[PDB]
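Accompanying notes for the structure given below.
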Amino acid sequence: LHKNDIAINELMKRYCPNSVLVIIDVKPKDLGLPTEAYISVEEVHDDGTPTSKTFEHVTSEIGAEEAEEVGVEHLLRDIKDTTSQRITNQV
Amino acid sequence: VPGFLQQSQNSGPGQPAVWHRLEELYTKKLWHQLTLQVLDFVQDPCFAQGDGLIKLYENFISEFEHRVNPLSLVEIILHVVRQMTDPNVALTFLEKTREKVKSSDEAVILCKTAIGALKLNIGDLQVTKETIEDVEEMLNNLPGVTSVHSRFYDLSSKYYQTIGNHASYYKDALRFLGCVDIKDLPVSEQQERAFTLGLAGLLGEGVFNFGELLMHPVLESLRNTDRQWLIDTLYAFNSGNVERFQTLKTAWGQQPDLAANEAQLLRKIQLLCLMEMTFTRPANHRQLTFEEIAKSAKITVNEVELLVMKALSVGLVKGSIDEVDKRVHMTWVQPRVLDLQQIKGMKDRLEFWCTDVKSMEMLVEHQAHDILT
Amino acid sequence: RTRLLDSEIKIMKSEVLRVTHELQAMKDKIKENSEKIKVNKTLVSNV
Amino acid sequence: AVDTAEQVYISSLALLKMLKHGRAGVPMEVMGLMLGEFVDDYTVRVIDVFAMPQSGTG
Amino acid sequence: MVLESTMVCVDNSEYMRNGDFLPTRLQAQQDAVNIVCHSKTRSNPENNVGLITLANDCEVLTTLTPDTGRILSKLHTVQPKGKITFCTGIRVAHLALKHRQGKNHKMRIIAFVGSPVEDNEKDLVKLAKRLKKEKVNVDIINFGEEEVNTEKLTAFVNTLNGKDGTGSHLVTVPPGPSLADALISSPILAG
């Protein structure tokens, strides 16, 4: 992170009532899933100090709303329908 | 009106060290350091005569100054109340100054918390719930002031003293402990507040994980000069049963509000002894016999069943207790608060898990090695 | 008369809101109504 | 004399824009203006494609 | 006209709320933004004068734009309560003025300060020689009042520039009985 993310998201909060910031990956090297989303949160403490807004891990996943792989699939040129279990196991 | 402080200027010896300056503040016509001069007449020990006269000029501030936040005006009516000693005119005067002095800031919260603070002369439970509740109705947006949250603690703690929720003093004391984290007053008064905090959280029971935030510094730095066994009986409900002299020293020393539900306190030694006995031994024989229960939990054979059905009502442990062998079976529990030595020495489970599930992953893959294919 | 400034601010806000209604209505209506007319002009059926 | 065996260096992102807009546009056809570069003769390159206004066109 | 992107800050901190000259200092800061924005409205229709705040953040509300009337509506309820900072306005103005389109203008700044502002001697001398290294001439203004024998903005004036400098000067303001156009008229000459 940096320090501004919260102030930026709260500035834009006027636009979207639930505005999100996303730590985006510029180098896919992860074990699993890339960039994830973090919506406005009010999670201060049992202490309950002035409400911190460090946006928590607002889970999501890679939604492919439509196929549109007329080209996307046409880009892979690598894989099949893996009838692979061992890959899953080691990973 | 300049002649007003020409005649009310001299207010003691060495008090004209700020009044010879005040006779030029309003010539300079300023109001930042004159708001701070209200705050400094609070700071220097004024016996409420310059403010109790300048209150008509505070009306005049509301008339033709019309820019400064009424922070200092609420301050000055709650500091004229030493001259007044009567709040019933101050309430209508304060809501008058609420509706006639404008600002963009959060003012309804400071006004209703000052009404809560001077509400103690009313004979509570009649107007407290309404406007004390209105305060948190207007707290959700931004509690940036947060001395309004401290006064909100104070009205909420006199509202705790409106009887009815005897461990809401613990959560409300978290609101006190985080109203302002630095405790901004000397140690003695709030360490007697930590004394009665231990008491008022001890004896009442809405909370069930009572031995929890004892590690917090702003209360234990108060406890370090308290009586030397209130710490230890809070440890007898933190550790949980095995300080027999302390889980009995609550019955030896601390007498007021004790004998009503020290039976429930010794119910909680058993509720906490369950999580003790199934946590501190990680090992099996989770179909435990009733014997340690009936020995160390000061309970009988006919009451272990109530000891764990009341815990089914509690809901932190839900054992499938044997009743042909009378064995008190251990299922899932709510474990602890902190074991920092086991936060360090959980390696024998964590790194155990890591390298051993890793090694057996390597072994499964190593036996199915050359079907990599 | 201190409320006169806030009233002028609110009146400028009402003017900007009327201008925004003018935009969202008439400007977008150029497009929308023009497409409706196209369907009407450029080229009869039963409920 | 551009008579050659020519080429186009497409940008898959613009392909995504095209599928995105025509996939669920009006049942009619859509049309717009490119954003690339006449890089050479025997090939060309494309990088960018904007979406088009919805004015009744063809 | 002389080519610059004169940057105006709003003095929307805790010390622009008293009634010492007029019954308000919002009139002083607000009509000063008025006169500078109408000067850059009449001066050249290619400038970029919007707003920047010093109170607790650098909220760029609208675009650093040629027009001014939206910003003159935002000067109404400018909210003068917050933490004044002389260091953040010039820095975010430097990066905002490295976010310019029409490359026709240099970098100029007016920073409305009504407080004994919070900025180290090391901070002012570093800011001022970074504006030596980054070719900026700033017209330094005090509204409201500043504490007598001013240290921060006067030494920013001192070490601000060179090699065609002639921008860095500071008018100190007393909190006397006077008027608000005579508290912008004393800094309208030499910012």
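Each chain in the structure tokens gets a letter, A, B and so on, in the order shown; residues start at 1 in every chain, and ligands are counted from 1 in the order they appear.
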
Show which residues sit within 10 Å of residue 86 in chain A, as number ranges by chain. Count only C-alpha atoms, and ignore same-chain residues fewer than 5 positions away.
-> A: 91; B: 364-365, 368-369, 371-372

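Every chain C residue lying within 9 Å of chain E, based on only C-alpha atoms, is listed here: residues 5, 6, 9 and 12 of chain C.
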
Could you list, with a cut-off of 12 Å and counting only C-alpha atoms, the residues of chain A near chain E, each shown with its nearest atom pair and the distance in Å rounded to one decimal, rows sorted by chain and ascending number, as CSV?
residue,atom,partner,partner_atom,distance
A:3,CA,E:57,CA,11.9
A:4,CA,E:57,CA,9.8
A:6,CA,E:57,CA,11.8
A:7,CA,E:57,CA,8.4
A:8,CA,E:59,CA,9.3
A:10,CA,E:59,CA,11.0
A:11,CA,E:59,CA,8.0
A:12,CA,E:61,CA,10.7
A:14,CA,E:61,CA,11.8

Using only C-alpha atoms, please write the residues we just selected to a file, as a compact mmCIF listing (two decimals), in the first residue's frame.
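Result file is part04.txt:
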# COMPACT_ATOMS: atom_id res chain seq x y z
CA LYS A 3 -0.72 6.23 2.74
CA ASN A 4 -3.10 7.96 0.31
CA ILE A 6 -7.81 5.76 2.07
CA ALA A 7 -8.05 9.48 1.31
CA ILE A 8 -8.34 8.78 -2.42
CA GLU A 10 -12.97 8.59 0.41
CA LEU A 11 -12.65 11.49 -2.02
CA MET A 12 -14.23 9.31 -4.68
CA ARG A 14 -19.07 10.75 -3.31

**Q.** Filtered DSSP result for chain A, state alpha helix (DSSP H), as a list in words
**A.** residues 5, 6, 7, 8, 9, 10, 11, 12, 69, 70, 71, 72, 73, 74, 75, 76, 85, 86, 87, 88, 89 and 90 of chain A

Generate the output file for the selected residues, N, CA, C and O atoms, as a PDB file, in the first residue's frame.
ATOM      1  N   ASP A   5      -4.217   5.836  -0.223  1.00  0.00           N
ATOM      2  CA  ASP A   5      -5.322   5.002  -0.694  1.00  0.00           C
ATOM      3  C   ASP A   5      -6.642   5.336  -0.010  1.00  0.00           C
ATOM      4  O   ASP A   5      -7.683   5.480  -0.661  1.00  0.00           O
ATOM      5  N   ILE A   6      -6.600   5.489   1.312  1.00  0.00           N
ATOM      6  CA  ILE A   6      -7.812   5.763   2.074  1.00  0.00           C
ATOM      7  C   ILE A   6      -8.398   7.114   1.684  1.00  0.00           C
ATOM      8  O   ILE A   6      -9.597   7.233   1.401  1.00  0.00           O
ATOM      9  N   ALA A   7      -7.560   8.153   1.655  1.00  0.00           N
ATOM     10  CA  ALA A   7      -8.046   9.484   1.311  1.00  0.00           C
ATOM     11  C   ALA A   7      -8.568   9.529  -0.118  1.00  0.00           C
ATOM     12  O   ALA A   7      -9.572  10.190  -0.397  1.00  0.00           O
ATOM     13  N   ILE A   8      -7.898   8.829  -1.030  1.00  0.00           N
ATOM     14  CA  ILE A   8      -8.343   8.780  -2.421  1.00  0.00           C
ATOM     15  C   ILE A   8      -9.720   8.139  -2.512  1.00  0.00           C
ATOM     16  O   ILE A   8     -10.644   8.677  -3.142  1.00  0.00           O
ATOM     17  N   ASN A   9      -9.870   6.961  -1.902  1.00  0.00           N
ATOM     18  CA  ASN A   9     -11.144   6.264  -1.962  1.00  0.00           C
ATOM     19  C   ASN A   9     -12.248   7.063  -1.291  1.00  0.00           C
ATOM     20  O   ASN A   9     -13.395   7.025  -1.736  1.00  0.00           O
ATOM     21  N   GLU A  10     -11.924   7.823  -0.248  1.00  0.00           N
ATOM     22  CA  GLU A  10     -12.969   8.593   0.414  1.00  0.00           C
ATOM     23  C   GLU A  10     -13.311   9.858  -0.359  1.00  0.00           C
ATOM     24  O   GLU A  10     -14.457  10.317  -0.315  1.00  0.00           O
ATOM     25  N   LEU A  11     -12.339  10.436  -1.064  1.00  0.00           N
ATOM     26  CA  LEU A  11     -12.651  11.491  -2.016  1.00  0.00           C
ATOM     27  C   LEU A  11     -13.631  10.989  -3.063  1.00  0.00           C
ATOM     28  O   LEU A  11     -14.645  11.636  -3.349  1.00  0.00           O
ATOM     29  N   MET A  12     -13.340   9.832  -3.651  1.00  0.00           N
ATOM     30  CA  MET A  12     -14.227   9.306  -4.677  1.00  0.00           C
ATOM     31  C   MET A  12     -15.488   8.673  -4.105  1.00  0.00           C
ATOM     32  O   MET A  12     -16.386   8.319  -4.877  1.00  0.00           O
ATOM     33  N   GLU A  69     -14.563 -15.478 -25.863  1.00  0.00           N
ATOM     34  CA  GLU A  69     -13.300 -16.136 -26.140  1.00  0.00           C
ATOM     35  C   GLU A  69     -13.140 -16.479 -27.602  1.00  0.00           C
ATOM     36  O   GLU A  69     -12.213 -17.214 -27.945  1.00  0.00           O
ATOM     37  N   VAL A  70     -14.032 -15.966 -28.451  1.00  0.00           N
ATOM     38  CA  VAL A  70     -13.845 -16.043 -29.896  1.00  0.00           C
ATOM     39  C   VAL A  70     -12.425 -15.632 -30.263  1.00  0.00           C
ATOM     40  O   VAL A  70     -11.816 -16.183 -31.189  1.00  0.00           O
ATOM     41  N   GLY A  71     -11.872 -14.667 -29.533  1.00  0.00           N
ATOM     42  CA  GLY A  71     -10.468 -14.344 -29.656  1.00  0.00           C
ATOM     43  C   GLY A  71      -9.665 -14.795 -28.454  1.00  0.00           C
ATOM     44  O   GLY A  71      -8.527 -15.246 -28.599  1.00  0.00           O
ATOM     45  N   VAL A  72     -10.254 -14.686 -27.260  1.00  0.00           N
ATOM     46  CA  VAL A  72      -9.522 -14.991 -26.032  1.00  0.00           C
ATOM     47  C   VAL A  72      -9.026 -16.430 -26.056  1.00  0.00           C
ATOM     48  O   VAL A  72      -7.828 -16.699 -25.913  1.00  0.00           O
ATOM     49  N   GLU A  73      -9.952 -17.378 -26.212  1.00  0.00           N
ATOM     50  CA  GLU A  73      -9.564 -18.755 -26.481  1.00  0.00           C
ATOM     51  C   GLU A  73      -8.584 -18.825 -27.638  1.00  0.00           C
ATOM     52  O   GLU A  73      -7.577 -19.537 -27.568  1.00  0.00           O
ATOM     53  N   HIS A  74      -8.850 -18.074 -28.703  1.00  0.00           N
ATOM     54  CA  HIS A  74      -7.967 -18.085 -29.857  1.00  0.00           C
ATOM     55  C   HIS A  74      -6.572 -17.568 -29.534  1.00  0.00           C
ATOM     56  O   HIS A  74      -5.705 -17.584 -30.411  1.00  0.00           O
ATOM     57  N   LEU A  75      -6.339 -17.114 -28.305  1.00  0.00           N
ATOM     58  CA  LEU A  75      -5.025 -16.659 -27.878  1.00  0.00           C
ATOM     59  C   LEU A  75      -4.240 -17.713 -27.114  1.00  0.00           C
ATOM     60  O   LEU A  75      -3.005 -17.686 -27.145  1.00  0.00           O
ATOM     61  N   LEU A  76      -4.918 -18.634 -26.424  1.00  0.00           N
ATOM     62  CA  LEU A  76      -4.223 -19.543 -25.517  1.00  0.00           C
ATOM     63  C   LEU A  76      -3.234 -20.424 -26.270  1.00  0.00           C
ATOM     64  O   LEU A  76      -2.032 -20.424 -25.977  1.00  0.00           O
ATOM     65  N   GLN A  85      -4.719 -33.656 -12.136  1.00  0.00           N
ATOM     66  CA  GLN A  85      -4.834 -33.889 -10.705  1.00  0.00           C
ATOM     67  C   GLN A  85      -3.502 -33.678 -10.004  1.00  0.00           C
ATOM     68  O   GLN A  85      -3.445 -33.037  -8.954  1.00  0.00           O
ATOM     69  N   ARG A  86      -2.417 -34.202 -10.574  1.00  0.00           N
ATOM     70  CA  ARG A  86      -1.108 -34.047  -9.952  1.00  0.00           C
ATOM     71  C   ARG A  86      -0.701 -32.583  -9.896  1.00  0.00           C
ATOM     72  O   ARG A  86      -0.102 -32.136  -8.909  1.00  0.00           O
ATOM     73  N   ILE A  87      -0.995 -31.831 -10.957  1.00  0.00           N
ATOM     74  CA  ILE A  87      -0.754 -30.393 -10.945  1.00  0.00           C
ATOM     75  C   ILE A  87      -1.466 -29.759  -9.765  1.00  0.00           C
ATOM     76  O   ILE A  87      -0.870 -29.016  -8.973  1.00  0.00           O
ATOM     77  N   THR A  88      -2.764 -30.033  -9.647  1.00  0.00           N
ATOM     78  CA  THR A  88      -3.538 -29.522  -8.525  1.00  0.00           C
ATOM     79  C   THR A  88      -2.905 -29.913  -7.200  1.00  0.00           C
ATOM     80  O   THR A  88      -2.841 -29.104  -6.271  1.00  0.00           O
ATOM     81  N   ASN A  89      -2.421 -31.149  -7.102  1.00  0.00           N
ATOM     82  CA  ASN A  89      -1.897 -31.642  -5.835  1.00  0.00           C
ATOM     83  C   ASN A  89      -0.636 -30.892  -5.439  1.00  0.00           C
ATOM     84  O   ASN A  89      -0.515 -30.405  -4.309  1.00  0.00           O
ATOM     85  N   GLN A  90       0.325 -30.804  -6.358  1.00  0.00           N
ATOM     86  CA  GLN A  90       1.572 -30.115  -6.046  1.00  0.00           C
ATOM     87  C   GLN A  90       1.313 -28.649  -5.739  1.00  0.00           C
ATOM     88  O   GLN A  90       1.869 -28.095  -4.779  1.00  0.00           O
TER      89      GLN A  90
END

Show which residues sit within 10 Å of residue 32 in chain D, as a PyMOL selection string. Count only C-alpha atoms, and ignore same-chain residues fewer than 5 positions away. chain D and resi 18+49-53+58

Quick one: contact table of chain A to chain B, 7 Å max, nearest atom pair and distance in Å to one decimal per residue, counting only C-alpha atoms, chain and number order, as JSON lines?
{"residue": "A:46", "atom": "CA", "partner": "B:174", "partner_atom": "CA", "distance": 6.9}
{"residue": "A:47", "atom": "CA", "partner": "B:178", "partner_atom": "CA", "distance": 5.2}
{"residue": "A:48", "atom": "CA", "partner": "B:178", "partner_atom": "CA", "distance": 6.3}
{"residue": "A:49", "atom": "CA", "partner": "B:178", "partner_atom": "CA", "distance": 5.7}
{"residue": "A:50", "atom": "CA", "partner": "B:143", "partner_atom": "CA", "distance": 6.3}

Go ahead and save the residues from that selection, with C-alpha atoms, as a short mmCIF file (atom, residue, chain, number, x, y, z; two decimals), in the first residue's frame.
data_model
loop_
_atom_site.label_atom_id
_atom_site.label_comp_id
_atom_site.auth_asym_id
_atom_site.auth_seq_id
_atom_site.Cartn_x
_atom_site.Cartn_y
_atom_site.Cartn_z
CA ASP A 46 -12.60 -3.24 20.53
CA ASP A 47 -10.90 -0.01 21.55
CA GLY A 48 -13.19 1.51 18.91
CA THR A 49 -11.04 4.55 18.12
CA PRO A 50 -12.02 7.13 15.50
#

Next on the checklist: Residues within 12 Å of residue 82 in chain E, please, as a ChimeraX atom specification. Count only C-alpha atoms; anything in the same chain fewer than 5 positions from it doesn't count.
Outcome noted: /B:105 /E:10-17,53-58,114-115,117

Inset, instruction - Report the residues of range 209-346 of chain B whose backbone DSSP state falls under strand (DSSP E or B), written as a PyMOL selection string. - result: chain B and resi 287-288+328-329

Output file for the residues above (C-alpha atoms, as a tab-separated table (two decimals), in the first residue's frame):
chain	number	residue	atom	x	y	z
B	287	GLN	CA	-14.11	-38.33	26.51
B	288	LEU	CA	-12.91	-37.00	29.84
B	328	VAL	CA	-17.78	-35.32	30.40
B	329	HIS	CA	-16.88	-35.41	26.71

Discussion item. With only C-alpha atoms as the counted atoms, please give the residues lying no more than 12 Å from residue 44 in chain D, apart from itself and same-chain residues fewer than 6 positions off, as a ChimeraX atom specification.
Written reply: /D:2,5-11,35-38

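Residues of chain D lying within 10 Å of chain C, counting only C-alpha atoms, are residues 54, 55 and 56 of chain D.
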
Residues of chain B within 9 Å of chain E, counting only C-alpha atoms - could you list those as a PyMOL selection string?
chain B and resi 26-32+64-68+104

Could those selected residues go to a file with C-alpha atoms, as a PDB file, in the first residue's frame?
ATOM      1  CA  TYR B  26     -11.437  43.204  21.808  1.00  0.00           C
ATOM      2  CA  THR B  27      -9.845  46.411  20.513  1.00  0.00           C
ATOM      3  CA  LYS B  28      -7.917  44.126  18.173  1.00  0.00           C
ATOM      4  CA  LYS B  29     -11.441  42.569  17.973  1.00  0.00           C
ATOM      5  CA  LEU B  30     -10.014  39.042  17.667  1.00  0.00           C
ATOM      6  CA  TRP B  31     -11.884  35.873  18.610  1.00  0.00           C
ATOM      7  CA  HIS B  32      -9.406  32.998  18.193  1.00  0.00           C
ATOM      8  CA  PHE B  64     -22.630  40.470  16.104  1.00  0.00           C
ATOM      9  CA  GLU B  65     -19.618  38.135  16.126  1.00  0.00           C
ATOM     10  CA  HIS B  66     -21.511  35.303  14.340  1.00  0.00           C
ATOM     11  CA  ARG B  67     -18.559  33.269  13.121  1.00  0.00           C
ATOM     12  CA  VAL B  68     -16.911  31.262  15.919  1.00  0.00           C
ATOM     13  CA  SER B 104     -21.001  23.991   9.861  1.00  0.00           C
TER      14      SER B 104
END

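If you count only C-alpha atoms and ignore residues fewer than 4 places along the chain from range 302-317 of chain B, what sits within 7 Å of it is residues 271, 331, 332, 333 and 334 of chain B.
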
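In this model, the gap between CA of residue 51 in chain E and CA of residue 71 in chain E comes to 6.8 Å.
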
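Between CA of residue 173 in chain E and CA of residue 145 in chain E lies a distance of 5.3 Å.
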
Can you build me a table of chain C residues sitting at most 12 Å from chain B, with the closest atom pair per residue and its distance in Å to one decimal, using only C-alpha atoms, sorted by chain and residue number, as a tab-separated table?
residue	atom	partner	partner_atom	distance
C:1	CA	B:66	CA	11.3
C:2	CA	B:66	CA	8.6
C:3	CA	B:102	CA	10.1
C:6	CA	B:104	CA	11.6

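Separating CA of residue 163 in chain B from CA of residue 123 in chain B is a distance of 13.2 Å.
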